[PDB]
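Participant: The structure's right below; bear with me while I get my questions together.
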Amino acid sequence: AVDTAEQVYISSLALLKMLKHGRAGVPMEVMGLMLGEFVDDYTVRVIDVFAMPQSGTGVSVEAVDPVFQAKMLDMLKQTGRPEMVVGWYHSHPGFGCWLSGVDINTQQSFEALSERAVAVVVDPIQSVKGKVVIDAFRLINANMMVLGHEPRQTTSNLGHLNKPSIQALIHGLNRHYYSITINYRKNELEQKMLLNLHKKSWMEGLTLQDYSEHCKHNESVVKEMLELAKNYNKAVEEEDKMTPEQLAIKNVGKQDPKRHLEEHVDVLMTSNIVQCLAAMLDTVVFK
Amino acid sequence: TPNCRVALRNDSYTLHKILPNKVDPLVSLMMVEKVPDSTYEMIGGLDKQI
Amino acid sequence: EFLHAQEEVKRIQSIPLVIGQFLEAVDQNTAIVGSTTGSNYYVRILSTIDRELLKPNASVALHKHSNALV
Amino acid sequence: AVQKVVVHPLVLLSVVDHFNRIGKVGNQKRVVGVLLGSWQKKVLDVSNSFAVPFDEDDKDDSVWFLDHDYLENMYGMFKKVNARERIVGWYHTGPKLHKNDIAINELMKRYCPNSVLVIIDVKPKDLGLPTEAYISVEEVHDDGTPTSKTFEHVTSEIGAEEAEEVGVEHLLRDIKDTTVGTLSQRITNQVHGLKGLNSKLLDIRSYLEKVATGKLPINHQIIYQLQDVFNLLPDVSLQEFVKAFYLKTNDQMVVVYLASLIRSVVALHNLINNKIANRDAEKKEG
Ligand SMILES: [Zn+2]
């Protein structure tokens, strides 16, 4: 009768509702509630994520309106599907992820009212390059002071999916709460239709990018390649032959030998091949 | 070690690494590094001060 | 994955960020730079940047979070 | 006066969410909800949406019901939590639409003046077929035909802003198709760029074989709308010939002398170093 290793099943539209609401008010700590379904002991799912109307207080238990939620939940019973909340979320743009002074209290109020109520922290100012630092957490009780926390029993995936970094284990890990693993519920009827409407172009794959700027682009690159070739000429004729293998390894440039020599040459080669082949095909097709 | 700079972690304020060479910012004014500008015989007349 | 790695290093460095100044160099792939908001830092460099460009205390680029040489 | 719409991917999967919500007991095979919008100048943009319970009797195909109190509640909640997003129209699924969509639209134009609909395709997702949109127009028909509605089409697109693509890219993680490809993605772009061409040719081939073969009253509009394509395409002449070999020589010879010289000498320099490195360890192993 204890936890081992839970797994949070998030949906594709769940995280999309998380990023847009987090990006919406960035300097005002957006705050909403997480709605899912406890399917068994140690797997938990969430498909539908709604937001909450915020207040002057901010992320707290007071911004959670009870009469708005039950009015909202009742109207969701007839449209879509009725279910019970399984947690909450908030946004910490000022730092990474850890449970704040009042985040731990509203966690206690939710796991006393609901069952376990996993809290999700999303940093909207970090989800920028190609990755998101979304993490969820779960409070452990203070009664297990003589037993080691995270009662893992039959699992070896816990070394994966994140290790606790120095910016995480300073605030509350692992003595207050613990981390949890989250995977992505990918399936068909969602994934291929997202790709075919985002990264897909029908009329664009056969255009010609008319040759005012096209052959013009094949001229500014020849000059800088020539100077690199003359610089490549300068090093190859030079040929220091006193202690060569140490002089080569302590004096690297990472731009002379083959870095700036074939990079643009490859780019100019592929572009005119694509351009001429698309030019030849339309001459085969169009009369 | 006197005037020993160290790398401090910016989260827990823990030591990271003993740092190398001592405090010398703005040595661009220092160490002129160019030896020839003028010879000795182009002064003349002031040999006592020399 | 090698093409993912080139794209990763490309988009890691073309974002709005602060401008700092080179101060000193420890060794290969680690240097001592400080911001223009004071409070001298200690970060790593990227291997793209030519090492024969920071002898003086010249203006460099610093990330907001990693605060590394960009 | 709508140029084109550009709804995020948030409602796209949603409908499929709500279609997955109803499919346990639902025998309607269509999902009709309410589209939200933020009408800026002339281009349209959708961020959010919601659904509403809707059934339609297949007998007499003219009987529908919409819950407006649920519309008046949930929209007022959305404006309360987010005072940016407002009503712009509605949506349904299924390519074959039922003929009450005029009756849906004429009622809820008391909400939105420039009311607009978007059709998504939940089951067809194999060929190239994104979302589709119409516009609410009330004219006679053309000039000499009886009066009608004549749903006019507005072009569509799937835009994608910042701070959702990182949520998009991190959910893909399967092929991910990086930008400018190394000559193999571009050929596939021309393959399925042309697999969409003959598909439209085959589709319009089945159209002309049923537009006269005695089926329905031919549209005088579409008659000259097809005629100005065939005798307006360009042909070959002498001027096209002398110009093509002029610039094809120019577009080739650079790639000739860049590939055949620069890539060649590098491989020779790579030959020199390893054969020296092969013979230096060989002369000094023993
Ligand atoms: Zn918080």
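So you can find residues: chains in the structure tokens are A, B, ... in the order shown, residues in each start at 1, and ligands are numbered from 1 in order.
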Which residues, written as a ChimeraX atom specification, have at least one atom at most 12 Å from residue 20 (chain D), with only C-alpha atoms counted and residues fewer than 4 positions away on the same chain left out?
Facilitator: /A:47,79-81,189-190 /D:13-16,24-26,29-31,122-123
Participant: Applying 7 Å and only C-alpha atoms, which residues near region 16-25 of chain B remain after dropping the ones on its own chain fewer than 4 positions away? List them as number ranges by chain.
Facilitator: B: 3-9; C: 23, 26
Participant: Counting only C-alpha atoms, which residues from chain C have an atom at most 12 Å from any atom of chain A, and could you show them as a list in words?
Facilitator: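 Listed by rising number, the hits are residues 4, 5, 7, 8, 9, 10, 11, 12, 13, 14, 15, 16, 28, 46, 47, 48, 49, 50, 51, 52, 53, 64, 65 and 66 of chain C.
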Participant: Using only C-alpha atoms and all ligand atoms, what are the residues with an atom within 7 Å of ligand 1, set out as a list in words?
Facilitator: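 Those within range of ligand 1 are residues 59, 90, 91, 92, 98, 99, 100, 103 and 121 of chain A.
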Participant: Distance CA of residue 120 (chain A)-CA of residue 132 (chain A), one decimal place?
Facilitator: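 If I compute the distance from CA of residue 120 (chain A) to CA of residue 132 (chain A), I get 12.8 Å.
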Participant: Using DSSP assignments from the backbone, pull out every residue in region 16-99 of chain A that falls under helix (DSSP H, G or I) and give it to me as JSON, numbers by chain.
Facilitator: {"A": [16, 17, 18, 19, 20, 21, 22, 23, 24, 26, 27, 28, 66, 67, 68, 69, 70, 71, 72, 73, 74, 75, 76, 77, 78]}
Participant: Pick out each residue of chain C that DSSP on the backbone tags as strand (DSSP E or B); I need them as a VMD selection string.
Facilitator: chain C and resid 18 to 27 30 to 35 38 43 59 to 62 69
Participant: Give the residues of chain C that lie within 10 Å of chain B; count only C-alpha atoms, and format the answer as a list in words.
Facilitator: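 Here they are: residues 23, 24, 25, 26, 27, 32, 41, 42, 43, 55, 56 and 57 of chain C.
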Participant: Please find the residues of chain D near chain A - the criterion being any atom within 6 Å, counting only C-alpha atoms - and write them as a PyMOL selection string.
Facilitator: chain D and resi 18+21+81+166+189-190+193+255
Participant: Compile the contact shell of residue 78 (chain D) as a list in words: residues with an atom at most 12 Å away, counting only C-alpha atoms, same-chain residues fewer than 6 positions apart removed.
Facilitator: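 That gives residues 50, 51, 52, 53, 68 and 72 of chain A; 36, 37, 48, 49, 50, 71, 72, 84, 85, 86 and 87 of chain D.
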Participant: Could you pull the residues within 6 Å of residue 45 (chain C), counting only C-alpha atoms, minus those fewer than 2 positions along the same chain, as a CSV table (one decimal) with C-alpha atoms, in the first residue's frame?
Facilitator:
chain,number,residue,atom,x,y,z
C,29,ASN,CA,36.8,25.3,-23.8
C,30,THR,CA,36.5,27.3,-20.6
C,69,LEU,CA,30.0,32.4,-24.8
Participant: May I ask for the distance between CA of residue 172 (chain A) and CA of residue 2 (chain A), given in Å to one decimal place?
Facilitator: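 Interatomic distance, CA of residue 172 (chain A) to CA of residue 2 (chain A): 20.7 Å.
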Participant: Would you give me, as CSV, each residue of chain D having an atom within 10 Å of an atom of chain C, along with its shortest atom pair and that distance in Å to one decimal, using only C-alpha atoms and sorting by chain and residue number?
Facilitator:
residue,atom,partner,partner_atom,distance
D:176,CA,C:4,CA,9.6
D:177,CA,C:4,CA,9.9
D:178,CA,C:4,CA,7.5
D:179,CA,C:7,CA,8.9
D:181,CA,C:3,CA,10.0
Participant: Please report as an mmCIF file with N, CA and C atoms, in the first residue's frame which residues of chain A come no farther than 9 Å from chain B, using only C-alpha atoms.
Facilitator:
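Wrote it out as part.cif, contents follow:
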data_model
loop_
_atom_site.group_PDB
_atom_site.id
_atom_site.type_symbol
_atom_site.label_atom_id
_atom_site.label_comp_id
_atom_site.auth_asym_id
_atom_site.auth_seq_id
_atom_site.Cartn_x
_atom_site.Cartn_y
_atom_site.Cartn_z
ATOM 1 N N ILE A 166 21.476 20.002 -9.947
ATOM 2 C CA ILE A 166 21.864 20.802 -8.789
ATOM 3 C C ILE A 166 20.845 21.908 -8.514
ATOM 4 N N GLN A 167 20.141 22.378 -9.541
ATOM 5 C CA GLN A 167 19.138 23.415 -9.365
ATOM 6 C C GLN A 167 17.806 22.860 -8.891
ATOM 7 N N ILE A 170 18.117 21.423 -4.415
ATOM 8 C CA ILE A 170 18.430 22.393 -3.379
ATOM 9 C C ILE A 170 17.182 22.866 -2.633
#
